[PDB]
Each structure stands twice: as structure tokens, then as C-alpha cells.
Amino acid sequence: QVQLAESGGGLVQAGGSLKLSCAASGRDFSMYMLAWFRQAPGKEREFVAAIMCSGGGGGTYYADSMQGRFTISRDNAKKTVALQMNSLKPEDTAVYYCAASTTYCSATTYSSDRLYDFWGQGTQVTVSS
Ligand SMILES: [Cl-]
Ligand SMILES: [Cl-]
């Protein structure tokens, strides 16, 4: 139903910034909730940010630990979602994944990885000290 493909990762210096993007396929994209998760090597998948479907106003959720440094956005015309990552720190080193729900517009349990029905391939990020 939905395909997702992330880009924009790489090696960046602490204090720098990166914009990740995910290109999606799917007729009714605007009706889906989208999220970014990250997984540092050796660690479990961690919620980063989510964005509501557009009919619900496109509200945004963030994990508290990240101190407002990240911003999620969506472009419904292009069927893309972006993660602007500012003031990067070595702890931000991870594989970043985009995920979609075609069932929910928003959710109480937006941070649960089990909620999402589609996942991208990941984009790799290293933040050097
Ligand atoms: Cl935050
Ligand atoms: Cl989770």
C-alpha cells in the first residue's frame, strides 16, 4: 500500500545539522500519520517525532529527550516527510527510519513502534564529537 524511502544521512560534526527526507508512495498520503524512529547500534528502536494527518491539522509530537532540536514536517503534494535535526550531538548517532500508519491520523500511543504499518529502509547518521 505504502512505500517509504529515506535519504539525507551521513557523517556530520557535533553542533551541525542534517535534514533527512523520506519519499512515500500512496494515493491518500495526506490521511496517514508519519513518524521518525532511530536505532543506535546495540540499542532498541527509539521514537523521535510524529506528524498527524492533514485533516487532523498536522500536529507534531516529539520525544522529550531531544530538547526541541528536531522538527518534523510533511509535504502532501510531494508525498514526502522531513526531519530537520539541529545542534547535533554524538548521541544522535543512529539509523533513522520513517514509518507510516494508514489506519490512524493521530494516536495516544504515537511513540509505539508497533503502531505503524509501513517502514522505510533507514538512513545512517554518525555525529562525530
Ligand atoms: Cl524535542
Ligand atoms: Cl517503541
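Listed as the method for this PDB entry is X-ray crystallography; the listed resolution is 1.2560 Å.

### Quick word on the nonpolar core
Formed by 41 residues in total, the largest nonpolar core has its most connected members in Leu4, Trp36, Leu83, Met85 and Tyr96. Here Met85 is in contact with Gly16, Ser17, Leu18, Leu20, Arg69, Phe70, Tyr96 and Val125, once residues within four sequence places are set aside.

### A look at the side chain of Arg69
For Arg69, the position within the fold is in the loop between β6 (60–62) and β7 (70–75). At a separation of 3.2 Å, a polar atom in the side chain of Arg69 contacts the main-chain carbonyl oxygen of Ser87. Setting aside its immediate chain neighbours within four residues, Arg69 contacts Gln84, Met85, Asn86, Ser87, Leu88, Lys89, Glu91 and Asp92.

Each value, and the rule that gives it
Residues numbered from 1 in each chain as written, not as in the entry; some residues may be left out. Chains lettered and ligands numbered in written order. Heavy atoms only, no water. Core = buried A, V, L, I, M, F, W, Y, C linked by side-chain atoms within 4.5 Å. Buried < 20%, exposed > 50% of the residue type's maximum accessible area, 1.4 Å probe, protein only. Contact = heavy atoms within 4.5 Å. Helix = DSSP H or I, 4+ residues; strand = E, 2+ residues; numbered from the N terminus. Polar contact = N/O pair within 3.5 Å; in protein donor to acceptor, adjacent residues only side chain to side chain.

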